[PDB]
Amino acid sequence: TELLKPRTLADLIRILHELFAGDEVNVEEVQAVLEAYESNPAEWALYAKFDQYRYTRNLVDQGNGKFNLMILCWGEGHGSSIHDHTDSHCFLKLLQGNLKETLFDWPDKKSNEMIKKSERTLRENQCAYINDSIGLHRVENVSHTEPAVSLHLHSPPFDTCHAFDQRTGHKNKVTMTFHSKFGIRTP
């Protein structure tokens, strides 16, 4: 239970394997360790594979089945849908640039516009946390000049989620696709 500062991305991954060795998740400890890793671009360049038209999801580690650790690459103006996290934990740490996170409440079953609950700017090396009990969110790189890179941890791993239509609250099931795995492009 003794949290040391991760010296490198590899060290962080080793620490995460220790923190997820059991059946439950100490959220504050995981967030603290992710926050404490100082982004070093040389260590994650292998995973930072961008696409011109949308953000990419790049698998880094499968956590011995306990978590998916992935790097997301956001071109200028790239953003996500409003989405949930499939009854799992989601941690989001900025490795480069800034992302805007907008929080939404779960919609009522009547068709209505989803109104933002709040928003914040996540800055380099900050780590955010979300789960379905907190709400829904959208993540966006609103920069016109700076690509963003973020490090995401999902526990347990999940490969589907729901996207929500901001005008109605209607949801559709979406399959999560990986742009690359362990540095290898996976078309």
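Counting begins at 1, following the sequence as shown.
Taking only CA atoms, the mean B-factor in the PDB entry is higher for 101-109 than for the other of 101-109 and 80-88. Judged by mean Cα B factor in the deposited record, 19-27 ranks above the other of 6-14 and 19-27. Listed residues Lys66, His152, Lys49, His137 were ranked by CA B-factor as deposited; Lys66 comes out on top. Going by the entry's values, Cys161 shows the largest Cα B-factor out of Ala148, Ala32, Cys161, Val60. Sorting the modelled residues of the chain by their CA temperature factor places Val142 in the lowest third. When the modelled residues of the chain are ordered by C-alpha B-factor, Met70 sits in the lowest third. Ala45: CA B factor in the lowest third of modelled residues in this chain (values from the PDB entry).
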